[PDB]
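Presented below, as structure tokens, is a lone chain in the form solved without ligand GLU.
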């Protein structure tokens, strides 16, 4: 008996050897990417044996075992259809029609707040999927960088809860939606911002991360933290929006000064500096692939799906998903929690960092926003997504009408 041989004959045909063009397209059809970090060791050993004999792309029973032996447990669950979406290619084609049915919603206005965001083209539209098992798919402008803006608010909240714990973090920021009331107010009635997803609350959260060290070290700590959430995929920084958001942020300055008398920061806070750190964190750049992985990290209880590493404590992810449910889409949050039922977070660059817990993480991106600040195409996509699969938070995994459950086979 052997796990490697059994997998060999499943791909082999009962034939003697496997061409390695056939092995990787068998692999790519599980949705995995040959660049998966949990597979380097297997593809490190395939570029090795694809120089030893440049003739015969072919692989014995025994040559197969020494390329895959290292990663075999992850490869067979991929090949025994044991990933969270077993027929991943069927699901991606649904992602495709979902992408392109959203593609003809030309409504919306791109943020003119800054010359750096009006800059971005209204025809950009990208959707990226990463499952809790690492299966990936993209369509549209999926590797164009854009800034997270307020899509970083759950990520910095998670970091704060991860390092400091729920109870401390919420001495300083609430945990409830304000109400379609106070788009306008900074503080709840305990003189705390309502929740980490609104600018007043985000700024307070930003004040908590890595106290006692300067703002350059603090920023690097969030960036290496954000690196782990993304499996070390792309996360950058556009100094252009950063310097443009510091010239044009009188209300963050309004909020900041509002927080000082009201003694909403912890002792020793340099508010004007924290405003700079906040402006930096909102100009962090990602793609939808990058961001989809961080989404999937939250989809996966704090484990990065493409590295297997523990990034965020489960307590941090639960809280972060809790509040993205209720507060994550500006004024549209309650409507969104009702009709979509997914923890999501939107940003002025056109991003929606969407999380389907226990299934997949996603990132949508189209710069045209509606009049509540949400990517028009993005909102459309998530409505269609829940309208077609039982990813809604309170769909039943047993009785779900004419919806699909991509989590199951036949």
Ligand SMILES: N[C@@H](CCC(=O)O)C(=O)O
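Residue numbers count along the first chain shown, from 1.
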243-251 set against 203-211, stretch whose average Cα temperature factor tops the other in the entry
243-251
Higher of the two mean Cα B-factors (10-18, 391-399; per PDB record) comes from 10-18
According to the Cα B-factor stored in this entry, which of the following is highest: 363, 356, 27, 59?
59
With respect to the C-alpha temperature factors reported in the PDB entry, which of 342, 67, 369, 352 ranks highest?
67
Among all modelled residues of this chain, ranked by Cα B factor, put residue 101 in the bottom, middle or top third, i.e. lowest, middle or highest.
highest
Select lowest, middle or highest to describe the third in which the CA B-factor of residue 31 falls within its chain in this entry.
highest
Residue 39 - Cα temperature factor, lowest/middle/highest third of chain:
middle
Would you mind ranking residue 117 by its C-alpha B-factor against the rest of the chain and naming the third, lowest, middle or highest?
highest
Which third, lowest, middle or highest, does the C-alpha temperature factor of residue 330 belong to within its own chain?
highest
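Here the subject shifts to the form solved in complex with ligand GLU, a form of this protein not shown in this document.
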Exactly one stretch in 48-56, 344-352, 63-71, 30-38 has heavy atoms within 4.5 Å of ligand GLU in the deposited bound form; which is it?
344-352
Counting non-hydrogen atoms within 4.5 angstroms of ligand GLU in the deposited bound form, say which of 135, 150, 142, 333 makes the cut.
150
Which pick from 323, 75, 161, 282 sits with a heavy atom within 4.5 Å of ligand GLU in the deposited bound form?
282
Report yes if all three of 206, 257 and 276 come within 4.5 Å of ligand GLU in the deposited bound form by some heavy atom, otherwise no.
no
Since only the chain is shown here, I'm wondering whether residue 199 would be in contact with ligand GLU in the deposited bound form (any heavy atom pair within 4.5 Å).
yes
Indicate whether ligand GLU has at least one heavy atom within 4.5 Å of a heavy atom of residue 253 in the deposited bound form.
no
When the contact criterion is heavy atoms within 4.5 Å, does residue 221 count as touching ligand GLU in the deposited bound form?
no
Heavy atom of residue 289 within 4.5 Å of ligand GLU in the deposited bound form:
no
What residues, if any, in 214-246 have a non-hydrogen atom within 4.5 angstroms of ligand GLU in the deposited bound form?
245
